[PDB]
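What follows is a short report on a single structure.
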Amino acid sequence: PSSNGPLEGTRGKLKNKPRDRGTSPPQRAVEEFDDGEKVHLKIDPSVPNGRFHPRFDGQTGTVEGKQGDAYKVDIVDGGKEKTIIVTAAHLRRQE
Amino acid sequence: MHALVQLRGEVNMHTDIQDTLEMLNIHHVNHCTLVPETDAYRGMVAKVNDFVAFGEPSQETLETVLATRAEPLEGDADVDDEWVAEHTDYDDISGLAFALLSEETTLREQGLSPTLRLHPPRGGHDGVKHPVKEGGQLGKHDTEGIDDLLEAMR
Amino acid sequence: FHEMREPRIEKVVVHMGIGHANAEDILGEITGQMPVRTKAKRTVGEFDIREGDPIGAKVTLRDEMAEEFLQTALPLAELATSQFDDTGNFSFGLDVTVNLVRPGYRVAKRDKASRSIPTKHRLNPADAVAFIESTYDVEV
Amino acid sequence: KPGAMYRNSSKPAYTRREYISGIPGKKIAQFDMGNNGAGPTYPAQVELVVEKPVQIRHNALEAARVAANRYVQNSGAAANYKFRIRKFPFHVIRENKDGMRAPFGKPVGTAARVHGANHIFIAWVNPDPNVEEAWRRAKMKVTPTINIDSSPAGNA
Amino acid sequence: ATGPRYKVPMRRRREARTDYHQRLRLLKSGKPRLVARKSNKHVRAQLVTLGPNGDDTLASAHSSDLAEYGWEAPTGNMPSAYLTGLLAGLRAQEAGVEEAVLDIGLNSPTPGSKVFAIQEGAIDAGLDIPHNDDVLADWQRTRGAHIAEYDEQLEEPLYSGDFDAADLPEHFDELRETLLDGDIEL
RNA sequence: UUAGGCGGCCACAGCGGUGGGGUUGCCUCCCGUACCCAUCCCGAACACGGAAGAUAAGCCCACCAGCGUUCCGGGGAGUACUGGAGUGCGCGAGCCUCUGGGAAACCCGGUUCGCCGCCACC
RNA sequence: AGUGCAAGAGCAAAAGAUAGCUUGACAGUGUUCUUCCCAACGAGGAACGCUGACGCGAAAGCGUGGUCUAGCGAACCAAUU
RNA sequence: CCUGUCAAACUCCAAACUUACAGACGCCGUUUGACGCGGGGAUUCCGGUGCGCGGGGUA
Ligand SMILES: [Cl-]
Ligand SMILES: [Cl-]
Ligand SMILES: [Mg+2]
Ligand SMILES: [Mg+2]
Ligand SMILES: [Mg+2]
Ligand SMILES: [Mg+2]
Ligand SMILES: [Mg+2]
Ligand SMILES: [Mg+2]
Ligand SMILES: [Mg+2]
Ligand code: NA
Ligand code: NA
Ligand code: NA
Ligand code: NA
Ligand code: NA
Ligand code: NA
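Printed below as a string of C-alpha cells:
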C-alpha cells in the first residue's frame, strides 16, 4: 500500500450501493444481543459511530458483555484472539 | 459407492489434495478405498479427481479384490469367507461386498483396514497424463472400466 | 364539487429590489404591516460582495390585508396574459406578486403528512384570469 | 519504431486521460468514407476480420485505411459505396526513452485493441467488389493475418 | 423513480409521518414511548414498545372513548388532552407499565401544548416520564379555563348546541375525579 | 382498518394516470384568533378554539404497466470468465481436452401500481 | 450543493444553511483496536466506558473538538502547574 | 432519432474463488495427551526455479 491509515483500501467495503444510500433504519441500531450470541460484523457505511477497524469486516464473533451501549465481541484474527468494541448498528444475528 | 485408486504419486501435488487422499485413507500409490456416494464424499473425490481412478465396481470384482487384498485392522490374517464369517456381521465375502456396495457398512465397521493395497496393473494401465474419455486411466470410470483396472491390480 | 375548487388569493408579496433600506417606510404604509429585510447571496461586481446584507425588503399580505391592497394595486396595472404563471400566478409593477390557489393548499404547506398538490387540483393560467378578471377589471 | 514493441495485449488497459498527459494526436484521418450521406442500403457488405487479438497503432490504422480507401478510387472520388473503420486507438502506449531506473515510459502514441474475429473494416457495395481488393491491400499493413468476410451477398 | 441509482425515502418518510432521526433518539432510553398524537377533533395517547415485526401498543386512550366515562364536551381541547393522557396512563399501569418517554412525533414542543398536557395526565396516572414542569400549562388552562373565559366574551354560545353555554371546567374535575378510582377498563 | 395511530422490510412499495367514497365512529380540507404558543413580515406555518360548509385536494378503496424497480419463463449461453489436471496444439501471442463452477448486455413473454406486525374502531 | 485542505468515502425533517445560546477543544482514570493483519515492539492515533463538573434541549438525548482516514517526537536538562 | 468505439486509478450488473462462524462426514486426539500454556536452546532475515496471476521494461 502507498500509505497505512485505517481506511487504506476501503473504498469498496465502506461505500453504499446507490440505493442503500442515506440514513439507516433505527430498528437495527437498537437491537439487543445477549452474551454468547454469534454476530456478523459488517460496517454500515451510513452509520459513522460504533465502527471497528475495517480489517474485521466479515468476521463472526461472540458477544461477551458490552461497554456503555456498545457491545464487546470476541473474534479471532488469524490465530490471535481479539475483543472488538462495536455498536449494534454494525451487527447481525448469525442464523 | 465408488472404488478409489490413487494412480499418481505425491511429489508436486498440492498439499490440500494430498491431505484429502489421506483423509480417504489412501497414503500410497495403488492403494484403494471404498467411498460412499454422498455430497461430502463426492466433493472430495472431485478434488482428488486428477490423481486417482474411481468408479462403481461390480459385485464380483469387489469380491475378488476383497478376497485377494483385504486386511484386518491389524495383522497378516487373510480375509477369506471364514475370516469374514467368524469376524463380521456377514457369513461370507459376498455377504460383505453386497453390504459395501449397498453402503450399509464399512471396512472399519467390520474391523477391516480402510485400505485395499492393490498390486501394480498387470499389463499396465492406460496412462496417467490423460482422463478416461481421452484414453487415459484418470478420473471416473465405467463399472466395466473400473473392474478391468481393479482386476488387473488384483 | 365547486366551492372547494374555486380560486382564492393566498398572499400578495410586495418587494422593492434595491441594491443596498429607507424604502421600507413606503412599503409599510402602502401595505399596513412591517417589511422584512432582503439579504443577498453570492459576491458580485455591483459592489454587492456582502453575503448577509440588506438589499431590499418585502411584505407578505394575507386575507383582507391583501385585498384591501389589491383594491388599489391592480387598478394601477394594465397588463395580463403571457405575464401569467403556469400555476395561475402573476407579478406586476416596485414589485407586487399575487399567489393564487384552491381551498386544499394547506395539505402542501403543513408539517405532518404534507403532500404536493396534484396537477389536476392545480390552478391554470386560464382558470386564474377568470377568477381575477371577475373582480373589478379586464384581462389581456 | 517496430510493431514488435506494441502489438501484444499484455499490458494493463491504459486509457484514462484524466491521469495521462501529453498523448499524441491520432493520425487517422476519417472513420467514415464514401457516401456517408447515405445509410447502409447496399446489396453487398464485406468486412475485414482480424484473426488474432492484437494492438494496432494509429500508424497502421491510417496506413491500412488509406491504402484501402485510396484504392477504392477504382470507383471514383464520389463513387457509390460506404467504408467504415469501426475501431479507435484508445490504448495509450509508452516507451522508456537512467537505464532501468525509474523506467515507467513517456507517452509516445496510441493503439486500438482488436480481438481475434472482430471486424476492423466494413464496406458497403453494389455487386461491384473492388472492395475485396481494397482489403487485400489493407491487411497488408496490419500485424495480424486477416479474413475477408462477405455478409449480405449470395450473389456469387 | 428516475433510474436504478435513484434513492427512494423510507415509506414513513415519504408519507412525512415519522421523523426517524428523532425516533432513534427516542428508542435510546430503552423505555416504552408515550406516543402523543392529535387530530382536529380528537387526541390519542399510546404506550408503545419495540417489537420483532414492528411496534407493540400495550396501552392506549382516545379522546372519543372519553364520553364512555361521562364526557359531554368537545374532544379536541386541553382538558380532553390531559384526560386522554391520564386514561391511557392508568390502562398503562394496569398493563404493568411503569415508565416511558414522550414521543410527540412531528408536533412542536410549544409550552402548555396539548401533547404536554397529555404528558401531565399520564404522569399523574402513575407513570414515570422524564419531563419539565414549567413547559406544561398552568393547571387552569388544563381544566379548560381559557375557554370558559372565552365564552364570557359571549354574545353567542361558543358551543353550537353541545352542552352548557358558559362551559364547564368543573365537568373536567368531575371527570378526572372519576378516573381516579375503580371503574371499568382501568 | 365505510376513511385511524405507532411501526417493520425500506421502490414488489418509485413516477405518471383513471374510477369510487363520507348526516359521524373517522381522517381531512374547512371556520376562526380571547387565551398557551407563533411569524428577523404575514394565525401561511407553528399553537390554540371550534363545526357553517365540502368530499374538490389529501387520505382510504378499486384499477391501468407508458417509465423506474423486483422476481420468473424461453432465447442469448452452458456462450464470456474461471478452481483442478495434461509429454494435447501452436514460432509465439495464445489455443484445446478432461473435471468442478458459471455471468453480463439484450430480445420476447409473464410478474410488480406493496407485503407484514401491534393497537384502536359499526 | 455544501461540509477549511489530497484522495476515496458519509450526510437532506442532516453531518449542509440560517438564527440563537454555549465553551465537552473540560478534569480524572480506564477498556479495546490501531500503530505492528497473521505475530513480539515505543510515541502517536482512534473507538467505547466510568468518575467529577458543566452546556443545550420539553425530553429521550447530544457534546471525550472540526463527518472519516494526514497535521507528529524518547531519555537527560530547563521553564511552567 | 439514427450510427461508430473505450476504461488500472468508471460501475446499472457480476462470477469462478478467497474468507468469518456453525453443523455434518472424513481424519485426528484422550497409555502415541491432541488443542493449548510456561520455559531452555537455536538456526535464520544474499535465495533460486516451474506453474497460475501479476506491475515495470522493446526485451
Ligand atoms: Cl476494532
Ligand atoms: Cl399528531
Ligand atoms: Mg479495489
Ligand atoms: Mg496392518
Ligand atoms: Mg510388463
Ligand atoms: Mg504410459
Ligand atoms: Mg373525490
Ligand atoms: Mg467526532
Ligand atoms: Mg483475493
Ligand atoms: Na443507509
Ligand atoms: Na540517474
Ligand atoms: Na498482416
Ligand atoms: Na437582518
Ligand atoms: Na377527497
Ligand atoms: Na499507544
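Residue numbers (the authors' numbering), protein chains in the order written: chain P, 1 to 95; chain V, 1 to 154; chain D, 10 to 29, 35 to 107, 128 to 174; chain H, 1 to 97, 109 to 167; chain M, 1 to 186. Note that CB positions come from ideal geometry on N, CA and C, so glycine has one too.
Practice task
Answer yes or no: do residue 145 (chain M) and residue 86 (chain M) have a C-beta to C-beta separation smaller than 8 Å?
Solution key: Walking along the fifth sequence from the start, residue 145 (chain M) turns up at place 145. Walking along the fifth sequence from the start, residue 86 (chain M) turns up at place 86. Cβ distance not < 8 Å, so residue 145 (chain M) and residue 86 (chain M) don't count as in contact.
Handout entry: Counted within 10 angstroms of its Cβ, other Cβ atoms place residue 80 (chain M) as buried (16 or more) or exposed
Key = Against the fifth sequence, residue 80 (chain M) aligns to sequence position 80. Under this definition residue 80 (chain M) is a buried residue.
Problem - Option in V:12, V:46, V:58 and V:71 with minimal Cα separation from residue 118 (chain V) - result: The sequence position of residue 118 (chain V) within the second sequence is 118, counting from 1. Per the Cα distances, V:71.
Practice task
Give the secondary structure of residue 6 (chain M) by DSSP, where H, G and I count as helix, E and B as strand, and everything else as coil.
Solution key: Along the fifth sequence, one-based indexing puts residue 6 (chain M) at 6. Looking at residue 6 (chain M) - three-state DSSP - the assignment turns out to be coil, as it is neither helix nor strand.
Exercise for the section: Helix, strand or coil for residue 59 (chain H), going by three-state DSSP, please let me know. Expected result: Translated into the one-based positions of the fourth sequence, residue 59 (chain H) becomes position 59. Helix.
Exercise for the section: Say whether chain P places a C-beta atom closer than 8 Å to the C-beta of residue 31 (chain M). Expected result: Translated into positions along the fifth sequence, residue 31 (chain M) becomes position 31. No, residue 31 (chain M) does not count as interfacial toward chain P.
Problem - Boundaries of the beta strand (DSSP E) in which residue 33 (chain H) is found, first to last residue - result: Looking up residue 33 (chain H) in the fourth sequence gives position 33. Residues 32-34.
Handout entry: Start-end ranges of the alpha helix (DSSP H) lying completely within the region 57-87 of chain D, minimum 4 residues
Key = 78-87
Exercise for the section: Examine chain M for any beta-carbon lying closer than 8 Å to the beta-carbon of residue 143 (chain D), and answer yes or no. Expected result: Here the question's residue 143 (chain D) lines up with position 109 in the third sequence. Answer no: the Cβ-Cβ gap between residue 143 (chain D) and chain M never drops below 8 Å.
Handout entry: Coarse secondary structure for residue 25 (chain M), derived from DSSP in three states
Key = As a first step, residue 25 (chain M) must be located in the fifth sequence, where it is residue number 25. Residue state, collapsed to three classes: helix.
Exercise for the section: May I ask you to report which of helix, strand or coil DSSP gives residue 160 (chain H)? Expected result: Taking the first residue of the fourth sequence as position 1, residue 160 (chain H) is located at position 149. Looking at residue 160 (chain H) - three-state DSSP - the assignment turns out to be strand.
Problem - Cβ-based neighbour list, residue 135 (chain M), same chain, cut-off 8 Å, excluding 5 preceding and 5 following - result: Start at 1 with the first residue of the fifth sequence, and residue 135 (chain M) comes out as number 135. Result list for residue 135 (chain M): 109, 111, 112 and 116, in chain order.
Exercise for the section: Would you list, in chain order, the members of the region 96-111 of chain M that have their beta-carbon closer than 9 Å to a beta-carbon of chain D? Expected result: 105, 106, 107 and 108
Exercise for the section: Output yes if chain D places a C-beta closer than 8 Å to the C-beta of residue 44 (chain M); else output no. Expected result: The residue labelled residue 44 (chain M) in the question sits at position 44 within the fifth sequence. Residue 44 (chain M) does not count as touching chain D.
Exercise for the section: Figure out for me which residue from D:91, D:11 and D:162 has the closest Cα to the Cα of residue 133 (chain D). Expected result: As a first step, residue 133 (chain D) must be located in the third sequence, where it is residue number 99. Here the closest residue by C-alpha is D:162.
Practice task
State the start and end residues of the unbroken beta strand (DSSP E) segment that holds residue 153 (chain D).
Solution key: Start at 1 with the first residue of the third sequence, and residue 153 (chain D) comes out as number 119. Segment: none, residue 153 (chain D) is in no beta strand (DSSP E) and carries neither H nor E.
Exercise for the section: Could you name the residues of the region 15-41 of chain M whose beta carbon sits closer than 7 Å to any beta carbon of chain D, in the order they occur along the chain? Expected result: 15, 16 and 17
Handout entry: Selection of the region 29-52 of chain P by Cβ proximity to chain M, strictly under 8 Å
Key = 29 and 30
Exercise for the section: Identify every residue that forms a DSSP beta bridge with residue 3 (chain V). Expected result: Residue mapping note: residue 3 (chain V) aligns to position 3 of the second sequence, counting from 1. BP columns for residue 3 (chain V) point to V:34 and V:55.
Handout entry: Within chain P, the residues that residue 5 (chain M) reaches when beta carbons sit closer than 8 Å
Key = Locating residue 5 (chain M) in the fifth sequence gives position 5, counting from the first residue. Going along chain P in sequence order, the residues near residue 5 (chain M) (Cβ under 8 Å) are 18 and 19.
Exercise for the section: Counting only runs of 3+ residues fully inside the region 142-170 of chain M, write out the beta strand (DSSP E) ranges in chain order. Expected result: none
Handout entry: Selection from P:56, P:93 and P:85 that minimises the alpha carbon distance to residue 68 (chain P)
Key = Here residue 68 (chain P) is taken as the residue at index 68 of the first sequence, counted from 1. Out of P:56, P:93 and P:85, P:85 has the C-alpha closest to the C-alpha of residue 68 (chain P).
Problem - In DSSP terms, what residue 73 (chain H) is bridged to - result: In the fourth sequence, counting from the first residue as 1, residue 73 (chain H) sits at position 73. Partner(s): none; residue 73 (chain H) has no beta bridge.
Exercise for the section: Quick one: residues with CB closer than 7 Å to any heavy atom of ligand 2, in chain order, please. Expected result: D:146, M:37, M:38, M:105, M:106 and M:107
Handout entry: Through-space distance from residue 85 (chain D) to residue 159 (chain M), alpha-carbon basis
Key = Within the fifth sequence, residue 159 (chain M) is the residue found at index 159, counting from 1. Within the third sequence, residue 85 (chain D) is the residue found at index 71, counting from 1. When rounded, the distance between both Cα atoms is 36 Å.
Practice task
Spell out whether any CB of chain M is found under 8 Å from the CB atom of residue 87 (chain P).
Solution key: If you number the first sequence from 1, residue 87 (chain P) lands on position 87. False, the Cβ-Cβ gap to chain M never drops below 8 Å.
Practice task
Please look up how many angstroms separate the CB atoms of residue 71 (chain H) and residue 148 (chain H), rounded, as I've assumed it's under 8 Å.
Solution key: Your numbering for residue 71 (chain H) matches position 71 in the fourth sequence. Your numbering for residue 148 (chain H) matches position 137 in the fourth sequence. 6 Å between Cβ atoms; contact.
Exercise for the section: Please find out if some non-hydrogen atom of ligand 10 comes closer than 7 Å to the beta-carbon of residue 23 (chain P). Expected result: The residue you call residue 23 (chain P) lines up with position 23 of the first sequence. Yes, the beta carbon of residue 23 (chain P) sits closer than 7 Å to at least one heavy atom of ligand 10.
Exercise for the section: Starting from residue 148 (chain D), find everything on chain M with Cβ-Cβ shorter than 8 Å and list it in chain order. Expected result: Looking up residue 148 (chain D) in the third sequence gives position 114. Those are 16, listed as they occur along chain M.
Exercise for the section: Taking only beta-carbon positions, decide if residue 50 (chain M) is within less than 8 Å of chain P. Expected result: Locating residue 50 (chain M) in the fifth sequence gives position 50, counting from the first residue. It does; some Cβ of chain P falls within 8 Å.
Exercise for the section: Rank D:88, D:172 and D:148 by C-alpha distance to the C-alpha of residue 18 (chain M) and give the top, closest one. Expected result: Here residue 18 (chain M) refers to the residue found at position 18 of the fifth sequence. Among D:88, D:172 and D:148, the Cα nearest to that of residue 18 (chain M) belongs to D:148.
Problem - Proximity test, residue 127 (chain V) beta-carbon vs ligand 6 heavy atom, cut-off 7 Å - result: As a working note, residue 127 (chain V) is residue 127 in the second sequence. Yes; taking the cut-off as 7 Å, the Cβ of residue 127 (chain V) has a heavy atom of ligand 6 nearer than that.
Exercise for the section: Could you tell me whether the Cβ atoms of residue 164 (chain M) and residue 69 (chain M) are closer together than 8 Å? Expected result: Position 164 of the fifth sequence, counting from 1, holds the residue named residue 164 (chain M). Position 69 of the fifth sequence, counting from 1, holds the residue named residue 69 (chain M). Their beta carbons are not under 8 Å apart, which means residue 164 (chain M) does not touch residue 69 (chain M) by this criterion.
Exercise for the section: Kindly list, in the order they appear in chain P, the residues whose Cβ is closer than 9 Å to that of residue 10 (chain M). Expected result: Position 10 of the fifth sequence holds residue 10 (chain M). Near residue 10 (chain M) (Cβ distances below 9 Å), the residues of chain P are 22, 23 and 25.
Handout entry: Where residue 14 (chain V) sits in the DSSP three-state scheme
Key = As a first step, residue 14 (chain V) must be located in the second sequence, where it is residue number 14. Here residue 14 (chain V) sits in coil by DSSP.
Handout entry: Sufficient close CB pairs (3 or more, under 8 Å) joining the region 132-143 of chain V to the region 16-27 of chain V
Key = no
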